[PDB]
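This text opens with one protein chain seen in two forms, each one given by itself as structure tokens under the names structure 1 and structure 2.
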Structure 1
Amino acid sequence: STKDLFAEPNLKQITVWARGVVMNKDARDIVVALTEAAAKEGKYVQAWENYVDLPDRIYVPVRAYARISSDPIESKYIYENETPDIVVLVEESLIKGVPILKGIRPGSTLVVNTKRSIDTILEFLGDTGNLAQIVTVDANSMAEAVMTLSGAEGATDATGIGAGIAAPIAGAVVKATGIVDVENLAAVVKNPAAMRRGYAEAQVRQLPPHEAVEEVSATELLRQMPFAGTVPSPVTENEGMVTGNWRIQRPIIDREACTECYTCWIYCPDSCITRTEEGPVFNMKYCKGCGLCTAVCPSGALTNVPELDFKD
């Protein structure tokens, strides 16, 4: 087939990345608020959560999508947006170990929820590719990350739409891209005051021209398994699920305080601690930064430190 034959020239794509459980709802609320604001403008819209990311786990990267067009959407039944025009990061640490910019189209915008400088973020990204704008908004200082058991698996959310950080972040998206009218976005969120803070206080930088950025079919890829899908048992590690990129924080040890009681070691659900003659050794390849080891450490040898504090 041809991309020209099934082209939808007036279709906009939005991809939101978030942390599972703790921020998945706001991810949902961002794409829901924008589609409800666009529908008010007489446009054809579609919002949904990444089905393969379901069920979301704590701190696992999860996605929510939006498709907004002035013409009828002839591509409704998909799993993901193949070519995002807007990429949104609900949590800042998602600039590490996660393909957030894969597929982005020219003139695109990246919006990040963070208190850290734009320059700091751009040092973690590296290749900005087809991006035209990098945007930061301190959404955590404007609202709270909402957590509910409602609105899951397609059911309606009983906590409404956009009461938390979804509102300032969505407000920041609009000021950068103008994807919908801000006054329409105001009418669909439960926290319009925070939204207007995000709209007003977001910082937008236009990136230097990238004329050598390339122009695939991501969702057409299959993955074949062995006989009957049976796999050999791992010996030391399961590389089929590397969970290091779940971290928003990591445990740092003060070994002069550590008594080597190995209380942390027996309680780690992910087996990331190994006993040594030098004391406990933490596996950063798989560590999810859950913080249990820090919480059970009785000597205070362990402390949680934000992931972006490390040049790793």
Structure 2
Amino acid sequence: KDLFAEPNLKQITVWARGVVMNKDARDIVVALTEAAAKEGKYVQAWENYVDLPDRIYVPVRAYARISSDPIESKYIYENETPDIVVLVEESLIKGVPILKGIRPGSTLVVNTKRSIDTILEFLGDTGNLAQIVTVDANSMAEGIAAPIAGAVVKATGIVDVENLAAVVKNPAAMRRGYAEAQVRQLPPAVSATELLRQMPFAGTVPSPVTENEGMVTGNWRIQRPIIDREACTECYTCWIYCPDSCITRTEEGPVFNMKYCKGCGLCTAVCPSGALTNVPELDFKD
């Protein structure tokens, strides 16, 4: 990586919820790359091919590469060492490795109404993260691409504001995100043998017994079903309709497994007693 490094290349990783918010992650990246191309930068914009096919509420990604020099890392699927991490949905700070391989002097841009301090309770160790940015793009767009993109400029200054104001459909919401962004500065690979050893005979793996730990899907959750047991009739309509087998029938009633629950809200929608409520995930620490 010494002979083929690119110091002029900035990597951007934009996390989003699959299907529902993939375009939002895309519009952020495209607007940024188009804005840098007006300054003469060499840019690339694309969606994570690895996350395909995209599923509903699955953590997906959209990457950006901006360089003053011709890009020689085009054929690389993912940005492995991001400089700017962007979240289109707030709950992505919970249970999703959005800080893996971040480079020094990096910035975290999050779309939320919660305080930065509360977010750090979900980030844990911030590592080499230099700055954190919070913007309420939900109210500004009322797309949310421009207010988030505007908040990125305020902290990194990758492209000029006027240049980005010429590529967005809503420049007004962008400037708000550029102005109301809350910035806080923070203090500053396996071998092929093992990669071969981790490959079982013909790819044949044993069947699970109780759960499939190869795919823990709790971090898909934007919202979680909350039960009111005094309103529960124990009809178990919810139990027979969960696509992810997250409900167990007990004497106390239906118990919801939060390790895999994707928060689709099916159980809530079909419940005739209204004993279930969809509540944002960031109201929970577990």
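Shifts are known only where both forms have a C-alpha. Residues are numbered by position in structure 1's sequence, first residue being 1. We call the rigid core the largest set of C-alpha positions that still match within 1.5 Å between the two forms.
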**Study point:** Rigid-core-referenced C-alpha movement of 2 Å or more between structures 1 and 2, selected from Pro99, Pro226, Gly107, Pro72
**Key:** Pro226
Review point. After superposing on the rigid core, how many Å does the CA of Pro61 move between structures 1 and 2?
Key: 0.4
Check your understanding: When the two are fit on their core, where are the runs of 3+ residues whose C-alphas each shift at least 2 angstroms between structures 1 and 2?
Key -> 216 to 236
